Number of protein chains: 6
Amino acid sequence: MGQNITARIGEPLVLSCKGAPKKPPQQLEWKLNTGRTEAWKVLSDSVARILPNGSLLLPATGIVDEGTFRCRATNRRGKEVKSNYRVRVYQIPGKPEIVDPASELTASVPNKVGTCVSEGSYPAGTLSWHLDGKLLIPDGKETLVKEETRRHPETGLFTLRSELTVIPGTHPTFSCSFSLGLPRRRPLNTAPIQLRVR
Amino acid sequence: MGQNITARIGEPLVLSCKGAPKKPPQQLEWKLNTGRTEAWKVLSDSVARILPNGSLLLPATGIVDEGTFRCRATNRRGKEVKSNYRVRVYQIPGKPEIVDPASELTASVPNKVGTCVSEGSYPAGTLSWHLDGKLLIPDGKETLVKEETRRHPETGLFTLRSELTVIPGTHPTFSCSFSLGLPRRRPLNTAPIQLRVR
Amino acid sequence: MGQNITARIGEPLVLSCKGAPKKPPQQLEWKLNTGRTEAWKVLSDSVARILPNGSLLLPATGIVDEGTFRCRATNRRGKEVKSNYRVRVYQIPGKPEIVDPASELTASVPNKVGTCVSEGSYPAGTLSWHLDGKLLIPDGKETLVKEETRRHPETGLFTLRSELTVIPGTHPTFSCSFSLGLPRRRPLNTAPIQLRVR
Amino acid sequence: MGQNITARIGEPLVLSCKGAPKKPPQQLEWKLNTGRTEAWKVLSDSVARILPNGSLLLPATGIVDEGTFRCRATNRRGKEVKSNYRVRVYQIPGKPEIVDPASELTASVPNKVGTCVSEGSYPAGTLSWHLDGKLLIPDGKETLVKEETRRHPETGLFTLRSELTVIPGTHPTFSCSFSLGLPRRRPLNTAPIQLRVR
Amino acid sequence: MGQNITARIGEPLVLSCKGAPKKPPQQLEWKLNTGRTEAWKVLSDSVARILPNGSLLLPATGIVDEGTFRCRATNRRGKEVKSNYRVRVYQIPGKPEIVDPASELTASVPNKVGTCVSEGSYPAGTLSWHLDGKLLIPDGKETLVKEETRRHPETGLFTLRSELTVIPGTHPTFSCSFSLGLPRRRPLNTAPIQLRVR
Amino acid sequence: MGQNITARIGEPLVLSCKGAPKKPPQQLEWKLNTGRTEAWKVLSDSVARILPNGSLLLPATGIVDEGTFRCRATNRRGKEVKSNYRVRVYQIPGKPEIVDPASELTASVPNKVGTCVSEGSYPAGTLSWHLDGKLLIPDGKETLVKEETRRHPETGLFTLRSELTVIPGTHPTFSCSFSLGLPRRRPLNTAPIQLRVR
């Protein structure tokens, strides 16, 4: 059950090879499929390095380290041991913040309440508003929300924004929460396609 | 409860610092007390190295890596976070073996049965014999055992030997087991003394 | 006039020391004040490294490399030569984009036209709109604009947003331009203060 | 006569290439056959490294460094120079020790005198006892000796043990000596075979 | 016009690749033709190293770094960008010196005036004498000069010597100047031939 | 007798420390006085590096590596062992060559015979001529020789030149030999002085 790894971006990861001798000499090779990999990388540093015990070391994991990590090693008994890991990664964004807040609302007409912003998450996750602590669902009348998620190409992290409009009453309290989109375990994805736009 | 670490010799260990920023710049220093340390080592490679996230990395742990690992880091909020680990280590020896076995015993007199040998353990652990599966206790008459533990100065690992003599009967079966001396958690030791022999 | 350097983030920079011998041995030391520096760094790698000719090398410049770079070297004639550089840095953001555009406007009432977004600049620079190619100034009636600049703490880069509202007519064309805030040369800044908020 | 090298384990070895230019550029390649080598290693670090003068450097020699070291280099005159070394290695064990000694012997019956132990030799070498300084040969009656040599798989070094039994007299003195098995020069060995045990 | 580089020996050189992404991952390879290269070197350290932005770094340029530097990179838009540099190098020699000077000349006969020496130039450049500040041309009678240029095989640098003989008058002043042979731009050379001397 | 080392420039040198343990941990420090050293260097790479056995490694020795190499080490028995080496260095120059030779001599007047040149020696050594194999001494009449030794500041190596003039006879043969100035062992030198020239 432990061939799937979830790892926070920035932090080291060690992947063991089982069957590698505790110390050199060792017959082993690692082959990787990542965001960095064209097809497959192969070795026997600060990118990826092999420890004395044959384990694989990534000094600080990033989105580009997601994918398949495989080892093949000739074991001390002379035959081959296989290792197969799937690495997924995540980032927790900063505290969410409410920008452009209204100080006063006028009952019976629509008002821009504010925008909730989360900066720097992976994967995107979602934002939602509460009013006096209950989840608000958008309707077409008394409420509507425009949300934008935009990804930073220089880091791969996401920014969410959620802008609330309401048509009201007396004295309500509001707040926003960010729920990361991570599930329990392993979602399954097709290989990607890339059509051209004419 | 996790400031104590037990680690198998040969294998990498990562110790986190809590409070270090996820990435550089960081104000932090590690200070170590080990078998290598005279008093205290200090840094901010293949001996000991600091990862991008500020964590401490030992590429392959050995007996000489036992001791105290401390971090002090100036946290992102501006004040100081402390880390304190105690590292202990172990090695599993090879399969035990019986050497110099007797093919035949003569009832009513003492016979050298054989020596059970374990090679390459840390800490020493112990050897014990079974006869038809039950633990044998030594007595002064029908049985006696001479045992020797000797440590390799070039590796720190131990060799145990246990030589059985018996005074017997019909048709008994014998075998030896090695029980490592590791307990659950944390034994407590005085600082050592070193008197001179006149 | 060349003691000030402007350098694009990501790219290498070489700073010469004048007076250093063309090759070793050399008596010289570099001392740095940067975003990384607490007070002053000192040396005689991928952070900062000294080349064979005594020059200073930064392998990929970033915002954290802004500041003062000083060399002191004992010259071939036996006396001392001083070097003093001031490094400033920049990033060009991605192409600006218009998000949430309106397809139709109604004359005589205010309409949300769209938001112009620039992602990933340093320093921030500014956004401005044109209508049929002329600069629009905001007024209080026929036009107003809300703009937000937000900085990414994990990279130091900025995101600008500019949201246009208009009160109109027949058939206008719109577009937005991003003007980086860099000037010709050397603006001068006070040392910073950091009061506490009660 | 100097193409054979004998080297103590732990210590550096430099092997020259003759014909390599005193400095770069150089056309040369080293190919090795060792305990580490599957077939042949090839290069033009702390495992094996090439010095500026083209010589081969092993930072600390071990049993695994035994074998064939070959260089081929394109010489300054344009044609090829060949180098061929055979490396053999050794370790001196610790002082021998006598364990389990008897304080008293009874004349006319056999007595276990003691075990002489040597720890940490390569190659094994041998142990022998003296009584009042003369070599003892084993017989079947007045003396017999059981000896064991056991090799440490984690280091390749050997432990010898020699257990003396005697059938005596008045007042003899005993002592043991360790004679390393190294000869003058170059013993010759067949390539090994490895049959299977059914 | 900037695909030709002239660089002083000893000093670093950075060659950019255009089209390489500002940061990793990048698909690119450098191939070099130099004095070090047999045919072509290829990579994706202190010899030649690739910076984070994909640029090529030579830590201290020498005569052996003259030649062709090519990059091929898969650009961020997915297709290929080519780079092509031609590197030439130079060294300024030391101050010229006059050796073996005559204190007195006798009119009407030839006298050895002195030798002007320049040490350590690349390319060779030339020496010439002035008498009361005017260029002297050699004739067959009143003047003649023997000059020697000799190159140091261990460095590639040149030594020039120029020995003046004159047939004189009253009170002339003499001095020598060294004019480096560098031109403006790019001389063009055939590929070399190497006939054998019988 | 082996605390003095003579080493050819360009080639590696290993200096042992005696008393250092065969392997880490070790308490030792090296302190050096060389052409590179201002006063004394201290350590516990390609400049100078310490091997696993505690020995000192210079990867390619040069004139700048001449001087005093000292080790101090805390030995396995707990007390201190001292090491003290004196390193001297040399270079063999290229084959000597005769330049500017005369094809014909006229008896009864002086003739410039030729210059013998040696390039690239350390220490300087000397040049001498033979005529039909016998050493020529200079006189004031039938022979005289002007010799020049000039040192390359960029390498420290020497160039010798020896220019022969003779006043002759029938059919003599000439040749020149270079005799390096190295003696057997250890010349002794005062510490240097450096007066100023007014």
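These residue numbers are counts, starting from 1, taken along the chain as shown.
Placed from the backbone N, Cα and C atoms, the Cβ positions cover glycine too.
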Task: Could you pull the disulfide partner of C:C116 out of C:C17, C:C176, going by Swiss-Prot?
output: C:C176
- request: Report, as a single number, how many Cβ atoms besides its own are within 10 Å of the Cβ of C:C116 (disulfide bond).
  value: 24
- request: Inside 10 Å of the Cβ of C:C71 (disulfide bond), count up the other Cβ atoms and send me the figure.
  value: 24
Fewest other Cβ within 10 angstroms of its own Cβ, chosen from the disulfide-bonded residues C:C17, C:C176: C:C176
- line: DSSP output for C:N53 (N-linked glycosylation site) maps to coil
Statement: For C:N53 (N-linked glycosylation site), the spatially nearest of the recorded positions C:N4, C:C17, C:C71, using Cα atoms, is C:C17
Nearest of the recorded positions (C:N4, C:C17, C:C71) to C:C176 (disulfide bond) - Cα to Cα: C:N4
Query: Counting distance between Cα atoms, which of the recorded positions C:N4, C:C17, C:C71 is nearest C:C116 (disulfide bond)?
result: C:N4
- line: Between the Cα of C:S44 and the Cα of C:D45, on either side of 6 unmodelled residues, the distance in whole Å is 12
- prompt: How long is the line from the C-alpha of C:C71 (disulfide bond) to the C-alpha of C:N4 (N-linked glycosylation site), rounded to the nearest angstrom?
  reply: 15
Field: Of C:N4, C:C17, C:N53, C:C71, C:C116, C:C176, chain E-adjacent recorded positions (C-beta under 8 angstroms)
entry: C:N53
Query: What is the one among the glycosylation sites C:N4, C:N53 whose Cβ has the most other Cβ atoms less than or equal to 10 Å away?
result: C:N53
Message: What's the end-to-end span in Å, taking the Cα of C:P168 and the Cα of C:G169, for the 3-residue unmodelled region?
response: 6
